[PDB]
């Protein structure tokens, strides 16, 4: 899967 | 009617003097009905008066004006699929905003504007209602209620007039979609004018790249169902006959470069007309002229078509313009990133002659960096110089930090977890700093990495890494032992050919081994290392510190990253322990992959993979048994259980740590063990050779609209691993594990595609040449795992 | 994640069956039309019913017990593996020993009623989305391009073509011309009723009867020197047969057809509001707001009662004197999208899954 | 959400002043915004606007402060307290500028605003602060030019280096960056083998240092 | 490894033969172009430098120095085909 | 924000004085163009925490 969220 | 004084009733915000100036009438002049009407109309058009009444008293011209209530707030309700801020921006661009006055007649206009916006975004049944809440001091609040409705989706794409290519094959390359399976990632099924135009251009290119020089799109039609929940697209086209290319002709002010240009316009007689090739020829001529100082080398191609023979002859008109020199290159919008970060990506030098190709390449490199959302260029002129310009790059800065967390599954390692946090533009200096971690059945890994991508102006990179690793052998289909290691590593990176890349570096690693199962190979390495452990229990321990020199070379030429159809990739890696360390050895590995297409459409391909490896010790010692090479499994030889090929362990008679019947043990002393003991559990070897030949074919049953998103292959794999130090003379009763001739072979079928869970790979293979001890696993799969 | 709709679906009316309806027989055809908006529907001629599906299968059934007579598939196949659908969309027409069907591939087939063998097949300008009206030895076709073509029924060779304008965005489906006094009156996707002489196709008149707002006519009707037309989102109009000058207007329209009986006009509004107007001035005699947004089908006047299907699969009888429901039935689960066919004392209707039903009382 | 009661303007303004003196800006901004919204033409709308400019600036709401300053300048070109507004505009641009390698456009804007202030009203009370800020900004811009020339020196572009150092000697002749950059010009001239020009640059360097 | 570094004006070897003593600045600029370098320290002198250094192949430069007079009339021409 | 608060609230820095450039004999320096010129403003006003920026009472 792999979720990626920018901070 | 002469006027002696002027009076107003209702002026709140507009100044009295401003109103007097605005009104053409002035005190001390004749006034008539026409003048009164003109003043009334001017006041109405002022945009701040709702009702205007110019009445005449006995002597004074009294005016009654009901100033339009001021807008104090605009509220939205139901904008589920529309951002409130963007809706406010659209409204203020339209004209309605806070602070201004509200017109009690343009409510319908505002509602219809919002409905038009909804129609544009996709919803055709959307409705908008406006509510007005008056408030004291001539104020008002405007509230909007939205019934979004249900969006309309594409229900069919039809092409009428295609007799050589099927509609399914043609629309397979479009951006617009009419079918989306739940098991693929092909796209969304919405309708957009830009996508429709792009699809028309794609269809035109598809036909022009095949020799249909007379292709023409007669028309296009878009229809909605009466309930307005489905969209039908039709494209009426007219494909002609296939044409041949008779020849080419070049003319214009070539500037004395005719001899060099003719070589770019050489073709084989009898070739089929192509469009991509013609564009490439034009681009080649443009680059040729740009290399000679010309900033705008204009080129146009005109085809002349003869139907009697069905042949096309090109006519290329070339105009090499004038020479322009760049006086400055300016970057604006880089509030965070420093100047050099953007400047070092430029292919063009300030203070040299101009090149449009170079400017475009610099823009493309800036886009590839990843620190910006948008990049724009603007080649301005310099006043007072007829041949000088200033290049300006305008960038909007993105946010470069991120978190990521991922989950995958597979037969190789079971459930796999990944997590990390990354910062790609540390303080706008370009340094990339991150910390990552991974966990699966048999190991846990954590690392902290810091990289400088431009240690030298040419692009040489300098990176550093700190890592901790924990490895449990018995969970990986090997003989039991535990290895906990940690260390640091520093590396340089040299680009040399835009396909080739070298790297060299140094590293330090500390390894701590425990819980080692007594066996001949491990106790052969330990003796060379100087240890003399006992062979009756697995309460062991052994620690070593090593400094190594690392090197590698990579060559990448694959045309595409996902489902490549042509190219090669070669990766050589090495390592050698430099003096002063506990372990003296060297290790080398070589990866090869090659694709060869056997068609013009690149649907039938041949893939060849190889994997070689060899290592050994130097100062009378041996390579550590935890550096071994493993074969088997879906990575190397499909159809075999992971890490099953190669030598097998041979144990000593030893007492179990905590004996308990009903459990299977490796011939422990408490089960009647009095001599050496064979096994079926792999240990690896220090030499490895693996090869695989694969044939990639179109998927047979899947619908042709999306059959290019699934890859189908038939494969044949060979592999072998061996231990060159195994002395067969001493152990005569056991197999010779130092023979390279024990080749394991399997054959079968495999499928790959991208799913909502990530990449999916499935394989079924049948190992038809295997040796005693090897464990077969025909069905293998991997779900969403890319780490 | 959630979804919503602007207009709430109307509830199923509760009525007490004055009489009990039945279902004499039901036969199956392969997959019907599905979710696609098609004009395909069965036809009756000489005690036998012809049906088809979008894939290409065409069947003839006995009108009394539903027994199959012949069946032929018009889908071309490149061997035993490849099979591309014919995409049949033009309603089945029968006249003079032929079965005419249009196709989304700009093809018109004329099969034989006796054997099911293709008598001829012609290529037209575009998708044949309309019922192939037959008149005076000609077969009129309204293609999706806005072109009205006239084929020969015996040869199949196009005689004349008339070009009509099309807007940027339209509604799916096309109007079927009606022939009266040696002239064909048709409607356009731009909201204009036009008349063409069938000898060559020369336009006689054409006028706007319309109010992103669209306006599409879809099959006017002609009686006693007058032409009644409906434009979607526009207005009903009864115009003269010679000059085309509007006589009277009513701000109500729809895409599905309407019927004219005696001195009354039965139609279904865009919002599924059944009405019953008059011919003199169109003053409404009654209305039914019980089925709003139920997606009704074209009304059919069977045994003196209007019959309409709906997407949910229910078939409703409604009186004509006052408009009060006289019977309600549940027939199919897939629903009804295409018009019912009433003729020769029979009422046949095809569901979205191809199941042709014969209903009785 | 920081709801403001419909109290009389005098009382709400007194509360706003008290909170400004206390030193909390978030609530004072809400009070002043509510007052302005409810009384678009109140007796002290101009005072509300000035207090709002001050509060937006000191609350780090620089875009809103800039919008308010622009509106105020457009509407009241002859307001006696306009020099205060131009000083505030310069301060806001310096704050946005906030790192000499980065974008100098805000430094240029601040320099323009302070120059207009000092050249228009030399008898104002903000003129000394304006001049000190002008000196700082001129040095910052010279430093940006020096950074670009220094990058091109390592890139190896010897015409860009001399052109940029000449632009420095022309625009910013009296800063430390120019003195630091003169050797870069000499090196570029020598690398292109223009010893005649390198000698002149060396003469300047020797005569100055 | 690295890209190619270009600097100065592009001299074709035909334009340089087109300039003769006695020409004005306008004529010289028309023939060759606006120089990327002049002399800012008083005297008027135009430097036409043509420097190119392709990818790790070596540097080649040509220099053309044009010395005018107070009235902008060419007085001296100096040509260096290659840099020592 | 965090970088911006320091500037917006209280920070103040004093840079080096601007000094003229000498021209060796036999040559001159490039022209100045007066684009970035600081006029001399006499007077000793407030600066650097001694100047109050609160709006005047008008």
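Rule-based calculations on the coordinates, nothing more; no lab input. In this analysis, Cβ positions are derived from the backbone assuming ideal geometry, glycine residues included, and neighbour counts consider all displayed protein chains.
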Euclidean distance of C-alpha centroids, the stretch B:405-445 and the stretch C:106-162, integer Å: 65
The stretch D:42-122 shape via C-alpha gyration tensor axes, a/c threshold 1.5: oblate
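Would you kindly state how much longer the chain becomes between residue B:547 and residue B:277 on full extension, computed as 0.36 nm times their sequence separation minus their alpha carbon distance, in nm to one decimal?
91.8 nm
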At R0 = 51 Å, FRET efficiency that the Cβ-Cβ distance of residue B:131 and residue B:34 yields, to 0.05: 0.80
Mean Cβ count within 10 Å, highest first, over the residues of peptides B:147-154, B:564-571, B:178-185: B:147-154, B:564-571, B:178-185
Length gained when the stretch residue B:576-residue B:186 is fully extended (0.36 nm per residue, less Cα-Cα span): 135.7 nm
Net lengthening on full extension, residue B:716/residue B:75 (0.36 nm per residue, minus Cα-Cα): 224.1 nm
Burial order of peptide ranges B:319-329, B:585-595 (average beta-carbon count within 10 Å, highest first): B:319-329, B:585-595
The stretch B:209-227-the stretch B:534-563 distance, computed between alpha-carbon centres (Å): 57
Averaged over D:146-154, number of beta-carbon atoms from partner chains that fall within 10 Å: 3
Global form of the stretch B:244-320, assessed from the alpha-carbon gyration tensor, a/c cut-off 1.5: prolate
Per-peptide average of other Cβ atoms within 10 Å, ordering B:298-308, C:113-123, B:513-523, B:211-221 highest first: B:513-523, B:211-221, C:113-123, B:298-308
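Grab the beta carbon distance between residue B:431 and residue B:557, set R0 = 22 Å, and tell me the FRET efficiency rounded to 0.05.
0.15
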Alpha-carbon gyration tensor eigenvalues x 5, square-rooted, for the stretch B:196-334, Å: 36, 27, 10
Within 10 Å of each Cβ in D:126-137, the average number of Cβ atoms from other chains: 6
15 Å cut-off, amide nitrogen to a point 7 angstrom out along residue A:1 Cα→Cβ, residues in the stretch B:414-433: B:415-420
Estimated distance in nm for a label pair at residue B:771 and residue D:39, the labels positioned 7 Å out from Cα along Cα-to-Cβ: 9.7
Fraction of beta bridges assigned by DSSP in the protein assembly as shown that are antiparallel (%, nearest 5): 90
Between 0 and 90°, nearest 10: helix B:107-121 axis offset from chain B longest Cα axis: 30
FRET efficiency for residue D:123 and residue F:54, using Cβ-Cβ distance with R0 set to 30 Å, rounded to 0.05: 0.90
Computed log₁₀ I(q)/I(0) - Debye formula, equal Cα scatterers, no solvent, the protein assembly as shown, q 0.04, 0.07 Å⁻¹: -0.45, -1.24
Beta bridges by DSSP in the stretch B:244-320, antiparallel share as percent, to the nearest 5: 60
Cβ neighbours within 10 Å from other chains - mean over D:32-42: 3
Whole-Å distance, taken between Cα centres, linking chain F and the stretch E:17-44: 40
Between 0 and 90°, nearest 10: helix B:276-290 axis offset from chain B longest Cα axis: 80
Helix-derived mean residue ellipticity, 222 nm - over chain B, DSSP H n ≥ 4, -39500 (n - 2.57), to 500: -4500 deg cm²/dmol
Helix-only mean residue ellipticity at 222 nm for chain F, each DSSP H run of n ≥ 4 adding -39500 (n - 2.57), per residue, nearest 500: -3500 deg cm²/dmol
Inter-probe distance in nm under a simple model that places probes 7 Å from Cα toward Cβ, at residue E:71 and residue C:208: 7.7
Distance histogram in 5 Å bins (all Cα pairs of the stretch B:63-182, percent per bin): 2, 9, 16, 16, 12, 9, 8, 7, 6, 5, 4, 3, 2, 1, 0, 0
Tensor-based shape of chain B (alpha-carbon gyration tensor, a/c under 1.5 rounded, otherwise prolate or oblate): prolate
Dimensions in Å of the stretch C:232-324 - Rg and Dmax from alpha carbons: 13.4, 43
Inter-label distance for residue B:89 and residue B:121, nm, one decimal - labels placed 7 Å from Cα along Cα-to-Cβ: 1.3
Ascending count of other beta-carbon atoms within 10 Å, so fewest first, for B:206, B:651: B:206, B:651
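Using Cβ contacts closer than 10 Å as the measure, can you line up B:4, B:396, D:143, B:603 from fewest to most?
B:4, B:396, B:603, D:143
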